[PDB]
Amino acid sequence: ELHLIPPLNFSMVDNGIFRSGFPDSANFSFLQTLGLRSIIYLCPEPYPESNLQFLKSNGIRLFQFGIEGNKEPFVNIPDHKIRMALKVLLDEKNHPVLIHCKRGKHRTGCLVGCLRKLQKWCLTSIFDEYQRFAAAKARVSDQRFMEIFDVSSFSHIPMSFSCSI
């Protein structure tokens, strides 16, 4: 009866936007129910054959913006890759979209936090959401990245897709 298995750390972010860690074949029946058009994939490793066949069968486009998986305190998240990923995220034609990395905590958490900055969330609310997913693996460096990330190049893009105005 209870047969659907959302991927690791799965959540809805906004209308048409989801976050998780790396899906495996046990998660495919759940992800099929979301009618995804897009995956925003934030790891540099090649997408596994299993996952590629799932995207092909389901008509899902892969956007890969590979961010190296550094450990604190040697973390350097590249601004350009997050910027490129946000541009994909802000085009509602790409929705519904799943953002994922390995565990859905660090790279995924940074992209979502930068989206919340565009949505005018105060930093403590952004950090609280980040921390809820990252839990014991919360990194100060991810939150510092969000704090100083320059969103000026996006301020003109309307967000009519959102549940928030």
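For every residue, the number given is its place in the sequence shown, counted from 1.
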| task | Determine, for stretches 146 to 154 and 18 to 26, which one has the higher mean CA B-factor as deposited. | result | 146 to 154
| field | Between the two ranges 85 to 93 and 72 to 80, the one averaging a larger CA B factor in the entry | value | 72 to 80
| Residue with highest C-alpha B-factor in the PDB entry, from 104, 48, 35, 113 | 48
| field | Chain third (lowest, middle, highest) by recorded CA B-factor, residue given as residue 66 | value | highest
| note | Tertile call for residue 44 (CA temperature factor, within chain, third-based) is the highest
